[PDB]
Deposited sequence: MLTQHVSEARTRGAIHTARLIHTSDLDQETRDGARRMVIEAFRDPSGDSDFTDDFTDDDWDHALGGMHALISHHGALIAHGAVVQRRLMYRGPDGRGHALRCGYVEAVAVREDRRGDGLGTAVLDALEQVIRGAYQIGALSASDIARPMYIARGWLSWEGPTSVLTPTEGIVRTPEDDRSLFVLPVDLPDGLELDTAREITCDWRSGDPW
């Protein structure tokens, strides 16, 4: 099982519609906004006989972290969205293949990987070496400043790959994402 990696702009609209239908069904809670969040980066795709059986995406965002010394960091983040395997093909390494391709993008292009894991996905990320975030989560809003996202506490994983020299993340500290509509994480 190997995933193809393709930019959103190189994806035909029928394959985009097909990936979106496969992802909605795999979550059936996956909304229009959740799909919009998966656009603009690299998709990992696995098909069988022109049926999409696995998908994931990694999109560029800024993750804001303030160290104990008070210095702010706006990290180039590869954010993992719309990871899904068709129900009948689960427990066969398709998830592993999707994440191998998305982590290739994260390690090659970003300072840090981040995602907000569904309950069923948690064991996957733990086994791949992703760090659980235990500190409080927030979003930088345009009109209210930093606003706590308590519904997202205890859901975050990070993959520090190329942090600025001398920066080590304390996972008990606050972490902030950039503003978007729908679920910020």
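Counting the deposited sequence from 1, the stretches lacking C-alpha coordinates are 1-15, 44-53.
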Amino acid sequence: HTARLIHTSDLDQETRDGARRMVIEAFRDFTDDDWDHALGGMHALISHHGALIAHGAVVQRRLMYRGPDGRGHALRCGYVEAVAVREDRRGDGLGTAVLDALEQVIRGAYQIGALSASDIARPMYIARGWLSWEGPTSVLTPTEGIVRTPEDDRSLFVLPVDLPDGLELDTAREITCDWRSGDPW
From here on, numbers count along this sequence of modelled residues.
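Basically, rigid core = biggest C-alpha set you can superpose within 1.5 Å across the two forms.
Remark: when the other structures in 4 other deposited structures of this protein are fitted onto this one via the rigid core, 117-125 deviates more than the alternative among 117-125 and 138-146, judged by RMS CA distance.
With 128-136 and 147-155 as candidates, the stretch whose CA atoms show the greater average offset from this form in 4 other deposited structures of this protein after a core fit is 147-155. Two stretches are in play, 9-17 and 171-179, and the higher mean C-alpha B-factor belongs to 9-17. Comparing the deposited coordinates for 34-42 and 129-137, the stretch with the larger average C-alpha B-factor is 129-137. The PDB entry assigns the greatest CA B-factor among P160, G56, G145, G70 to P160. Split the chain's modelled residues into thirds by C-alpha temperature factor. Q60 is in the lowest one. When the modelled residues of the chain are ordered by their C-alpha B factor, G95 lands in the middle third.
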